[PDB]
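Enquirer: So I pulled this structure from the PDB, and the sequence comes with it:
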Protein chains: 2
Amino acid sequence: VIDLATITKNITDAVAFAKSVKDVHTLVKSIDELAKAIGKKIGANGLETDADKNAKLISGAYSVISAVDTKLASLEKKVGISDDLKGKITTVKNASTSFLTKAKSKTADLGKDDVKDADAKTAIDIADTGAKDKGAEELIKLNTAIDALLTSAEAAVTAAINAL
Amino acid sequence: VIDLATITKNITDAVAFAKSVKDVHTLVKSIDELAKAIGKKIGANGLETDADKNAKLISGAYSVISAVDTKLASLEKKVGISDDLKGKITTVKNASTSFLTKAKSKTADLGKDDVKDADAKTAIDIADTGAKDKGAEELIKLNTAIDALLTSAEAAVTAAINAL
Ligand code: NI
Ligand code: NI
Ligand code: NI
Ligand code: NI
């Protein structure tokens, strides 16, 4: 009296799902690395200060969240996910779309020839002490939503290993 | 007479190692998203063309690979890793150190007030049909090295679940 095939499939499934979620979490976290580059140039010894001219960096962030967005779109579709987890996915996807919509709507500010440090922070820096009025707020919401989904996905992996 | 607990620990350890590896592969792949942004502004409908002024975007990529490099430096140190995997990690960390070294070395090209698209491509765009002479070559190497590490890491997870 025991049971292995079903338990094995359950760990495989839960791990496969966590993989997709983890990949999305990494991408979102990575905007924090891009924010460190606001107003920075590559110099002889690493990043040094060279304020402003940030547009293409924000474009980078936008490109990354685009990929997040596309990945979640595809996750939303996976078969055999619990209603629960599908909901947590939708919350992330909504947050991601939100960020992209906000950024687009601030084209005049974020796409101009010289986006100043302050404004770049309002788009992509979650520790921004300024207004978070050009993406940052939406980025915080995304971070909260993906942290929730990842917590759930990893919980399932743990449960599937210990139900062993 | 199989030892549920040793099998369980091995799944857990292999999965935690893959988690770290996977997070590094995603950070490296993300450079491909950033490259899509070279010479693009955020516009009312998404990225649109706005040539050049790419320095801060390259800084972004630089920042991201710093994070990769740091993560691998920590991985290198994990206890209980097989010599084989350790070697596979070293190949990745070497490649990321290489990238940062090359970028730094091309400061006069990459940190100037107007880095043109072509140049940006030679740093951070692995499908660049131009020279790969300011980072791209090293980024391609990094890509190969982490793909190999990831393949190994994921193989171990599947072995660990299958050994079950
Ligand atoms: Ni300057
Ligand atoms: Ni997070
Ligand atoms: Ni322009
Ligand atoms: Ni790859």
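Expert: Arrived safely. Numbers count the residues shown, from 1 in each chain, chains lettered A, B, ... in the order given. Ligands and ions are numbered 1, 2, ... in the order given.
Enquirer: quick one: residue A:58 and residue A:124 touch, right?
Expert: Yes. Applying C-beta atoms under 8 Å, one finds residue A:58 in contact with residue A:124, separated by 6.1 Å. Yep, even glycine has a C-beta here, placed from its N, CA and C like the rest.
Enquirer: ranges for the helices of chain A?
Expert: Shown for chain A, the helices assigned by DSSP state H span residues A:5-35, A:55-75, A:83-105, A:107-110, A:117-124, A:136-162.
Enquirer: what's the angle from the last one to helix A:5-35?
Expert: On the basis of axes from the mean of the first three to the mean of the last three C-alpha atoms, to 10 degrees, helix A:136-162 is oriented at 150 degrees to helix A:5-35.
Enquirer: Are helix A:136-162 and chain B in contact anywhere?
Expert: Yes. Legend: contact between helix A:136-162 and chain B by C-beta under 8 Å from any C-beta of the partner chain is shown at A:157, A:161, A:162.
Enquirer: Identify the contacts common to residue A:58 and residue A:124.
Expert: residue A:135 (C-beta atoms under 8 Å, 6 or more residues apart in numbering or on different chains).
Enquirer: tally of neighbours for the residue nearest to residue A:84 when sequence neighbours are not counted?
Expert: Spatial nearest neighbour of residue A:84, chain neighbours left out: residue A:152 (7.4 Å); criterion: C-beta to C-beta, 6 or more residues apart in numbering or on different chains. Counted with other C-beta atoms under 10 Å in any protein chain shown, residues neighbouring residue A:152 total 18.
Enquirer: mind listing what residue A:152 touches?
Expert: Going by C-beta under 8 Å, 6+ apart, the list of residues near residue A:152 reads A:84, A:85, A:88.
Enquirer: of all the helices of chain A, which lies closest to residue B:67?
Expert: helix A:5-35 (4.9 Å; C-beta to C-beta).
Enquirer: now for the closest one, which elements pack on it?
Expert: Helix A:5-35 is packed against helix A:55-75, helix A:117-124, helix A:136-162, helix B:4-35, helix B:55-75, helix B:136-163, with contacts defined by 3 or more C-beta pairs under 8 Å, 6 or more residues apart in numbering or on different chains; DSSP states H and E.
Enquirer: List the contacts of residue A:89.
Expert: If you count contacts by C-beta under 8 Å, 6+ apart, then residue A:89 has A:72, A:75, A:76, A:81, A:149 around it.
Enquirer: and what of residue A:74?
Expert: Residue A:74 neighbours (C-beta under 8 Å, 6+ apart): none.
Enquirer: Could you do residue A:65 as well?
Expert: Counted by C-beta under 8 Å, 6+ apart, residue A:65 has contacts A:27, A:28, A:31, A:96, A:99, A:100, A:103, A:139, A:142.
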